[PDB]
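Protein chains in written order, with UniProt numbering: chain A, 94 to 350; chain B, 358 to 497; chain C, 1 to 9, 40 to 70; chain D, 196 to 260.
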Amino acid sequence: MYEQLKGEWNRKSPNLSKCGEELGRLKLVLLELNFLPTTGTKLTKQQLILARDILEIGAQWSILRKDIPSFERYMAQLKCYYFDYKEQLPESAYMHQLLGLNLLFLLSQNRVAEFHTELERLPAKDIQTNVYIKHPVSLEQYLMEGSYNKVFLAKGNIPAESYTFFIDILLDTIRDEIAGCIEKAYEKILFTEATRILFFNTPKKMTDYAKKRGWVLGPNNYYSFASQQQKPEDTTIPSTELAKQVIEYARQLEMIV
Amino acid sequence: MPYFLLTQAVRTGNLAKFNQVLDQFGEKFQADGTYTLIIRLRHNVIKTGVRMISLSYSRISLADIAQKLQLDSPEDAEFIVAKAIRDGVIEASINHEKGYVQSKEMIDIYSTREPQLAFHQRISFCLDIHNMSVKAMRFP
Amino acid sequence: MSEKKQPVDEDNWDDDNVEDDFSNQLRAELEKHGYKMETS
Amino acid sequence: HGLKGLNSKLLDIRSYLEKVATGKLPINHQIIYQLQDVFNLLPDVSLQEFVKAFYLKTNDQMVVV
């Protein structure tokens, strides 16, 4: 019953057997009455109000330790408790940026299909208020037309704590398809087009492109290699199987149907 | 009548007029169950323009497609010429020797086996009607 | 993803390529449709 | 009945050709180069411009069907 509620709450959480004790608290939560319909005794949702909050900081523990498979394990169980089958849900203030943590977790991993199916459930919540959702959808309204590194010109507007762990993935998921598009028909560019326009005049970003990719800056150019094919054709490989269709045509047309 | 105004502002370059009508007729739009157009319609405002140009011009410069789109400058030109190919808008390619955007023409639809691919389904469809006819005929 | 990366600085439903194709001659061809088989 | 005739003439001709290769037959200046001319024709069917003979003419006969 409320095992170590706010012990290592705000300052740090270096303890490792706390989590098993926190899981030991979570042994009690699913075993008091139930979790799946949670039909009667509205007071048994009151520790589920705090069972939301202990997984919020458990997600804050996962973003402290950079645990991606746990951060979706916490958030899905939270959202399915924000979708408790008796959805009465007295309003906690930490929901609206936790979904913003979910909406920035999901936007930075090319889940644009998962994005636009998420927004169906909160019509006026996502737009008229809730800057922790208004900013990732103004991110996405930036992410429509031409504003994807204009995004980085709007980097310095974080309403919450740092949000660094998912703008770094947003650093990652942009700069690699940047490298993918320069492998394509964008043939070759000199070093200074990689300087002013990618971003960040020269740190070890030049070590980023020379080691993750090729593109070795030799004499005053990034050099492209061969990206073409031969295009062979036989067109009598189908001459075995196009004959199979023609035999089938006169097959059914001759049979007494 | 609200859906009337919605599609004309796509072709024109005025968006505050579009944001006027959306603010004017949003209640009917929200009655229809089409909330999520505006998060992806401002996308297609500049995509409709760039496809119209690429369908018009066969070999367009970056330095000219901007200033026609009241877009001020030859960088804001190919701020619409690197996902449209990835979204499947235009065939065209870009060289970083001229910065020109040129596409080609399709000829091999009759020169190579496009027609007999499409015919084999329709041959198989017409024989099914003959098979559905004879099996359902002689009930007297 | 990938900013399209750059260095330098009414109600005319294809009835518009019908209607902006249409503005100066035929309004006396709207019930001018029938007077032509005694002279011409 | 056509291609059965094709296989029948090839099983006969290799029986003549296995004998005249090794051991016993007169190797004479009959067939062995008159049959070399048979190999000379052997059209190269799937090559550059003949592909445009099957995709411009078979699809003509597909429309009539």
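Positions of the beta carbon are idealized from the N, C-alpha and C atoms, including for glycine.
Determine whether the Cβ of residue i lies closer than 8 Å to any Cβ atom of chain D.
i                 : result
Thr333 of chain A : no
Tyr360 of chain B : no
In whole angstroms, what is the alpha-carbon distance linking residue i and residue j?
i                 : j                 : result
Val233 of chain D : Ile227 of chain D : 10 Å
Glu61 of chain C  : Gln55 of chain C  : 14 Å
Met1 of chain C   : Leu236 of chain A : 8 Å
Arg470 of chain B : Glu244 of chain D : 14 Å
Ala152 of chain A : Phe128 of chain A : 20 Å
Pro130 of chain A : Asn371 of chain B : 51 Å
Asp389 of chain B : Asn376 of chain B : 18 Å
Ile437 of chain B : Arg408 of chain B : 10 Å
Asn235 of chain D : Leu242 of chain D : 17 Å
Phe249 of chain D : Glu448 of chain B : 28 Å
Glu114 of chain A : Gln387 of chain B : 48 Å
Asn203 of chain A : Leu263 of chain A : 10 Å
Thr364 of chain B : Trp102 of chain A : 54 Å
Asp219 of chain A : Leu191 of chain A : 13 Å
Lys99 of chain A  : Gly307 of chain A : 50 Å
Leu126 of chain A : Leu119 of chain A : 13 Å
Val402 of chain B : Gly239 of chain A : 12 Å
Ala423 of chain B : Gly249 of chain A : 29 Å
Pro183 of chain A : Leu141 of chain A : 11 Å
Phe496 of chain B : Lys66 of chain C  : 59 Å
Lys135 of chain A : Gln181 of chain A : 9 Å
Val215 of chain D : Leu198 of chain D : 26 Å
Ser317 of chain A : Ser450 of chain B : 16 Å
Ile161 of chain A : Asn195 of chain A : 11 Å
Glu435 of chain B : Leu232 of chain A : 20 Å
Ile395 of chain B : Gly383 of chain B : 10 Å
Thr329 of chain A : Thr253 of chain D : 13 Å
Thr405 of chain B : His209 of chain A : 21 Å
If the cut is a Cβ gap below 7 Å, which residues of chain C does residue i touch?
i                 : result
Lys243 of chain A : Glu3
Quick one: list the residues of chain A neighbouring residue i, beta-carbon separation under 7 Å, in chain order.
i                 : result
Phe436 of chain B : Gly239
Is there a C-beta anywhere in chain C that falls below 8 Å from the one on residue i?
i                 : result
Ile260 of chain A : no
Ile226 of chain A : no
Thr266 of chain A : yes
For a cutoff of 8 Å on Cβ pairs, would you count residue i as touching chain B?
i                 : result
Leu251 of chain D : yes
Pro216 of chain A : yes
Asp50 of chain C  : no
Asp45 of chain C  : no
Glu233 of chain A : yes
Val205 of chain A : no
Whose Cβ in chain A lies nearer than 8 Å to the Cβ of residue i?
i                 : result
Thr393 of chain B : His209, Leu212 and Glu213
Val240 of chain D : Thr329
In chain B, what lies closer than 9 Å to residue i by C-beta?
i                 : result
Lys247 of chain D : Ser468 and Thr469
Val260 of chain D : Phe476 and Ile480
Residues of chain D with CB closer than 9 Å to the CB of residue i, please, in chain order.
i                 : result
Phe482 of chain B : Those do not exist, as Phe482 of chain B stays about 13 Å from chain D at its closest Cβ, beyond 9 Å.
Taking C-beta pairs closer than 9 Å, name the residues in chain F that residue i reaches, listed in chain order.
i                 : result
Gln473 of chain B : Structure shown: chain F not included; protein chains present are A, B, C and D.
What residues from chain A crowd round residue i, counting only those whose CB sits closer than 9 Å?
i                 : result
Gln6 of chain C   : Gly239 and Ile290
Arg399 of chain B : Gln234, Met237 and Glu238
Are there any heavy atoms of the ligand HEM lying less than 7 Å away from the beta-carbon of residue i, as far as the coordinates show?
i                 : result
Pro497 of chain B : You won't find the ligand HEM in this model; it holds no ligand whatsoever.
State yes or no: is the beta carbon of residue i nearer than 8 Å to at least one beta carbon in chain A?
i                 : result
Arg479 of chain B : no
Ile417 of chain B : no
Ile403 of chain B : yes
Could you list which residues in chain C have their beta carbon closer than 8 Å to that of residue i, in chain order?
i                 : result
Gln365 of chain B : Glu40, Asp41 and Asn42
Starting from the beta carbon of residue i, find every residue of chain B whose beta carbon is closer than 7 Å, and list them in chain order.
i                 : result
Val230 of chain A : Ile396
What does residue i reach in chain B if we use C-beta pairs closer than 8 Å?
i                 : result
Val350 of chain A : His487, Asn488, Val491 and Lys492
Item to check | the segment 420-452 of chain B: positions lying closer than 9 Å to chain C by Cβ | outcome: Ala420, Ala423, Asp429, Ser430, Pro431, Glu432, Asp433, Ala434, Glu435, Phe436, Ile437, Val438, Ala439, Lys440, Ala441 and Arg443
Checklist entry - Using a beta-carbon distance cut-off of less than 8 Å, what residues from the segment 315-347 of chain A approach chain B? => result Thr328, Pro331, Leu335, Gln338, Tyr342, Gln345 and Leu346
Next on the checklist: For the segment 271-290 of chain A, list every residue whose C-beta sits within 8 Å of some C-beta in chain B, in sequence order.
Outcome noted: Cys274, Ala278, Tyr279, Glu280, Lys281 and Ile282
Checklist entry - Which parts of the segment 208-237 of chain D are runs of the alpha helix (DSSP H), unbroken and 4 residues or longer, counting only runs that do not cross its ends? => result 231-236
Item to check | Segments assigned alpha helix (DSSP H), at least 4 residues, entirely inside the segment 103-143 of chain A | outcome: 110-122
Next on the checklist: Runs of 4 residues minimum, wholly inside the segment 419-458 of chain B: which ones carry the alpha helix (DSSP H) assignment?
Outcome noted: 419-425 and 431-434
Checklist entry - Fully enclosed by the segment 183-241 of chain A, which alpha helix (DSSP H) runs are 4 residues long or longer? => result 188-200, 205-211 and 224-235
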